[PDB]
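Per-entry structural report
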Amino acid sequence: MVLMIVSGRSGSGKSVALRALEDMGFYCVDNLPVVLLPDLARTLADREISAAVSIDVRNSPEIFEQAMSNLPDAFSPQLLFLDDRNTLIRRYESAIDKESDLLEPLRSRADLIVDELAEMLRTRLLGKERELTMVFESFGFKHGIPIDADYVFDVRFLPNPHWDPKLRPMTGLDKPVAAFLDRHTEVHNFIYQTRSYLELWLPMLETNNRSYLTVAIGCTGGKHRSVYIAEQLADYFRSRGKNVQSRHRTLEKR
Amino acid sequence: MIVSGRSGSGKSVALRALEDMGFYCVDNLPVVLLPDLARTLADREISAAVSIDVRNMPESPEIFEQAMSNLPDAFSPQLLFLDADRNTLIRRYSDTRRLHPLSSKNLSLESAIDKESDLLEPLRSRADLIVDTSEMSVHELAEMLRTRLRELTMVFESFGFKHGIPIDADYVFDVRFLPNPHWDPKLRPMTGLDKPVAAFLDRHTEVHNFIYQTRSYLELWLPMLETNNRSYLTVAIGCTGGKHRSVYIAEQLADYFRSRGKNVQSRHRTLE
Amino acid sequence: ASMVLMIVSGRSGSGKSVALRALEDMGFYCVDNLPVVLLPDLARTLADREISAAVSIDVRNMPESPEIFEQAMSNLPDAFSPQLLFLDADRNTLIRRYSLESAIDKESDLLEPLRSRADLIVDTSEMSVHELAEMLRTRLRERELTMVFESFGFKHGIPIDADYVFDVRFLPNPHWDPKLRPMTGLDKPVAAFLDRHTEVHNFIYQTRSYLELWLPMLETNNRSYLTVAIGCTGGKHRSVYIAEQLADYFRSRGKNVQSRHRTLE
Amino acid sequence: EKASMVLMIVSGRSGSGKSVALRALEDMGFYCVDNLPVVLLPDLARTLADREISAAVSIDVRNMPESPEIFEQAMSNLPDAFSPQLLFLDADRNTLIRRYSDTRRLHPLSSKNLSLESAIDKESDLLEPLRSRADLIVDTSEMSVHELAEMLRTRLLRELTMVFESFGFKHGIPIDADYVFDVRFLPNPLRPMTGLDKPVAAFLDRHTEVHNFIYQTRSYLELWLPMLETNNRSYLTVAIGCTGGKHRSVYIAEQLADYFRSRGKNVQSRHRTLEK
């Protein structure tokens, strides 16, 4: 029932961290006043789940220590701090100067600073391996089914990007193809329903000593629909704390 | 300001704008602890915004009302509600996350959205205003809320075009094509308020159809005009002299919208 | 009786579909690509309805020998007076309208008979869909009621000559998107923005529907002008597009209308 | 033996993109006639029969006879060689409104409609006869015009055969498979027996998780079966795989067939391992 406290300069990705903790099951409350930190736990402790809160420029150490010190035994507090200028500007030094001054009480006593960045948080809260690896690979039926695939799903019935002719040389990773497929509802239903189906058996497939679970998504060419769906399916289970890798057999000279 | 709505309805952009406006915005605060929050800000003397979604909904309306009963006299007790048609929300949802990371497993994406609305009916049913973001863009909801950040008074005024159209008028209706009461020089000195002129125009069906169609046309936009920060909606009925036809119609239009529980005022510019 | 049969012909890309569409607005029953042999049969079906008809004759539809045209033409009921229209545009222009050049010559060659027997010929090299629209209307007058649709900004005041004024300041705003703030309602981006919102279509539809209810009664007493003022705040975005769309609508209704944007002048 | 051609009937509400279909159908070579009166539909066909070319005609609010009986008369008394096929395009009510240019009347030869949404509804009401008897429906609500062009051009307008095959992974994945499901986590069965044998059947039937698996998998396929039935593909091959291809995989495929066979689908089962 940890109380992961998320801190860091404005633009360092604390909003992304809170989202990650949200995926794990933590109750995330943004910009809550520090004084009411006990109240949240007491209200949430009964639910028997962990919680995470954000403390930034929006959110005097006496009240700070007092409020943190004023806390139920059930929940054990942990404090996190995130922290480059050229990168921070991209996420967004008159603002930084006050920000730098204000990042000292907690920063000096911070557990981690933590300065690829998306998944990195998974490594933080343990995780790794001795666990099942989920492989999501795209392929084209004209080239054949990957030899190692365990599940194969045909997506050639979905809307085709070979209909906006400015997309034929693009791949499923390119944002235009993403936006094209994203506007269609059946694409969202397929991703949702396919992973929902896999989650029904994912606890049962984890048994024994399975080393790999390879799910192959197939369209005709293996460059447009299959690539995008496989990546979107992979990204879903990453939010679920799984160890996954995606591989696009056609987009690697084959 | 309480921001609520189905997943994908644009609550995240509202808070960002509202926070930009200067509000203290807190996401996912438990409803019971909403009063406690207010007391902390009272000294600072600033408004606040909070989000209530499927995560925060008590699924028991008493607790919401209970929190309301203990709510301090402060500036911010207003409720905002955003929504969208189901299929648009589905398009907005990036498929790389659970929709209810803290609830059961939803059977279908349209089942999750319906159940979301079903359990979120209490707050909507007693919601101040709804916003159908179905056609609003990413950037459009920002300026709409920024720009949008008492009730509307309907003014029905008759006038004569020969003196000019009222400066404050929002809608102007020309009624100089209607049957003329000057075809009865008994009525030439009488006004539209006098019962003889009323019965004369009432006997003609086209006048009642005009009033019916005119009030019907106004009612089409009246809910959308009521949501603006309009202090007045001025509807001007104009004939040539401003004494016969125009006067009578304004009387009937006012009387109708007054019957609908609307805030109305009547003014006959020429007869004053 | 006395119903018409306007036959529209011309090379592919000369705009017969736009002419055919215009005749449809007037009330014509328009049939595209009907085989010439069935021209009498079509008329007989419409005779009971007592309406005029218009048909297209192209290279796809053109028969192999002119005799069958006259045979079908002669075998059409007396009630119907046939009239033939022929459109032709510049050689290069048709290609732009379609989206070979030797084939286009053959198209002209195969359509020599109808051009020789055309009642009226109209070049469409310089015309735009509006220009040909009123061109057909003119062939089918003057000294009538003139409908003026003018946009204005309420901050500047109401046009003095306005008969109806409609406030549109409750509709979606284009000044929201910071791309469109320097654009006007005439600019295609603002059109697409407002076109995307359904309520804009309903306001235009319902406003013109309301005016048609009283338009016959407003026509009398030798009224020379009916001025409808559409007003937003600045008079450059919403009011311009709505007023322009309203004017364009009644043009299809066979009315004489003018649009004028007080702020954009 | 005999030769036969087609008459594609294009219908749908104003703004649903039937005009694009006719342009596409015209590109393929169809003789396309817009707004032809229904009564003359046979008469038109007779003229084209000799030329031996296909034909396309549009039936919208202008053409529908209000009395639906008249349509059937033309269809029943229609000359042979021409096989009627019906296409119907539709879109969302609010979506059609956005597509509607306001510079022309929507029903230019019918009594004026009360509201923009009443006309679209009445339009739908009057086209229920054609919609109910449509061969294929296309919802254009989410597609632009140019993709609707290429979608129809790419598409042709056959009844679909669903293949359920069991296999063993040690021998390889079937080349012809379209969907593949791994069932190697299910309760394991009997070593010389095959999945067709009732003991292996009763063994797997005894486990409830098998019933949950079949139910969830075929329910999953039904989500896409309407979209796959209208995709010109002649075969949909669903491969169920266990390790040996004789025990678990065999039993699941047969029950999937029996379900879709009970559902009136064209199915065949083939067990790759039990043939060597």
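Residues numbered from 1 in each chain as written, not as in the entry; some residues may be left out. Chains lettered and ligands numbered in written order. Heavy atoms only, no water. Residues with missing side-chain atoms left out of burial classes, pairs and counts.

**Details of the interface of chain D and chain A**
As a reminder of what qualifies: Only heavy atoms enter the contact rule, under which two residues are in contact if any of them lie within 4.5 Å. In this classification, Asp, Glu, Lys and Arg are treated as charged, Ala, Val, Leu, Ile, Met, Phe, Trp, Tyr, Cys and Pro as nonpolar, and every other residue, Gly included, as polar.
Listed as interface residues are 31 residues of chain D and, on the opposing side, 30 residues of chain A. Its residues assigned to classes, the side of chain D that touches chain A shows 17 nonpolar, six polar and eight charged.

**A short note on the UniProt feature "binding site: GTP" in chain D**
Let me state the cut-off plainly: UniProt positions are given in the numbering used here, feature names are shortened, and annotations may be inferred rather than shown by experiment. Per the convention used, a helix needs a DSSP run of H or I reaching at least four residues, while a strand needs a run of E reaching at least two, with both numbered from the N terminus.
In this numbering, the UniProt entry assigns the feature "binding site: GTP" to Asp60, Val61, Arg62 and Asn63 of chain D. Residues in contact with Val61 of chain D, not counting those within four places in the same chain, are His107 and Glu123 of chain D. The topology assignment puts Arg62 of chain D in the loop between strand 3 (55-59) and helix 3 (69-76). Once you skip the residues sitting within four places of it in the chain, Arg62 of chain D turns out to touch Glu24 of chain C together with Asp34, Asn35 and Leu109 of chain D.

**Structural notes on the packing of helix 9 (residues 208-229) of chain D against helix 10 (residues 248-262) of chain D**
Helix packing geometry: the angle between the two helix axes and the distance between the axes. All names here are of chain D. Condition: All axes are obtained by fitting lines to C-alpha atoms, using only the stretch in contact for helices, and the reported angles, taken between N-to-C directions, cover 0 to 180 degrees. For classification, angles of less than 35 degrees are called roughly parallel, those exceeding 145 degrees roughly antiparallel, those between 65 and 115 degrees roughly perpendicular, and all remaining angles oblique. Here a crossing is taken to be left-handed if its near helix is turned anticlockwise relative to the far helix by less than a right angle, and right-handed if that turn runs clockwise.
Running from amino to carboxyl end, helix 9 crosses helix 10 at an angle of 50 degrees, the nearest separation of the two axes being 11 Å. Of the possible angle classes, the one that applies to helix 9 and helix 10 is oblique. Note on packing geometry: the crossing formed by helix 9 with helix 10 is right-handed. Two secondary-structure elements touch here, helix 9 through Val210, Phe213, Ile214, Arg218, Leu221, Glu222 and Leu225 and helix 10 through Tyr251, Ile252, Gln255, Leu256, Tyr259 and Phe260. Partitioned by chemical class, the residues of the contact of helix 9 with helix 10 number 10 nonpolar, one polar and two charged.

**Observations regarding the UniProt feature "binding site: ATP" in chain D**
All names here are of chain D. Taking the UniProt record as the reference, the feature "binding site: ATP" is found at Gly12, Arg13, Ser14, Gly15, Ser16, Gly17, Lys18 and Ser19. Ignoring sequence-local partners within four residues, the contact set of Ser14 consists of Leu96, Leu106, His107, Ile120 and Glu123. Mapping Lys18 onto the fold places it in helix 1 (residues 18-28). Every residue in contact with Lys18, bar those within four places of it in the chain, is listed here: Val10, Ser11, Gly12, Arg13, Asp60 and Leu89.

**As for the sheet that holds strand 4 (residues 82-90) of chain D**
Residues and elements named next belong to chain D. The cut-off we apply is this: Criterion used throughout: strands pair if DSSP finds at least two bridges between them.
Taken in spatial order, the five strands line up as 2-3-1-4-5 in an open sheet, and their pairing is parallel. Strands at the two margins of the open sheet, each flanked by one partner only, are strand 2 (31-33) and strand 5 (136-139). Recorded for the sheet is a direction-independent mean angle of 20 degrees between the axes of neighbouring strands. Pairing analysis gives four bridges linking strand 4 to strand 5, with the strands arranged parallel. Across the sheet, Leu89 pairs through a bridge with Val138, a residue of strand 5.

**Observations regarding the UniProt feature "binding site: GTP" in chain B**
All names here are of chain B. The UniProt record marks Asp53, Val54, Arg55 and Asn56 with the feature "binding site: GTP", using the residue numbering of this structure. In this structure, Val54 sits in the loop between strand 3 (48-52) and helix 3 (61-69). Once you skip the residues sitting within four places of it in the chain, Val54 turns out to touch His100, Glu116 and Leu119. Inspection of the secondary structure puts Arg55 in the loop between strand 3 and helix 3.

**Considerations on the sheet that holds strand 1 (residues 3-8) of chain A**
All names here are of chain A. Strand order in the open sheet made by the four strands is 2-3-1-4, with parallel pairing throughout. Each edge of the open sheet is held by one strand with a lone partner, namely strand 2 (27-29) and strand 4 (77-82). Within the sheet, the average angular offset between the axes of one strand and its neighbour, ignoring direction, is 20 degrees. Of the pairings in the sheet, the one linking strand 1 to strand 3 (residues 51-55) comprises five bridges and is parallel in character. Among the inter-strand pairings, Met4 is bridged to a residue of strand 3, identified as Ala52.

**Examining unusual backbone geometry**
Residues and elements named next belong to chain A. Positive phi values are uncommon outside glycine, yet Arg130 reaches one of about 65 degrees. A positive phi is found at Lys253, a non-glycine position, where the angle reads about 60 degrees. Examined against the element boundaries, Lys253 turns out to sit in the segment after strand 8 (243-248).

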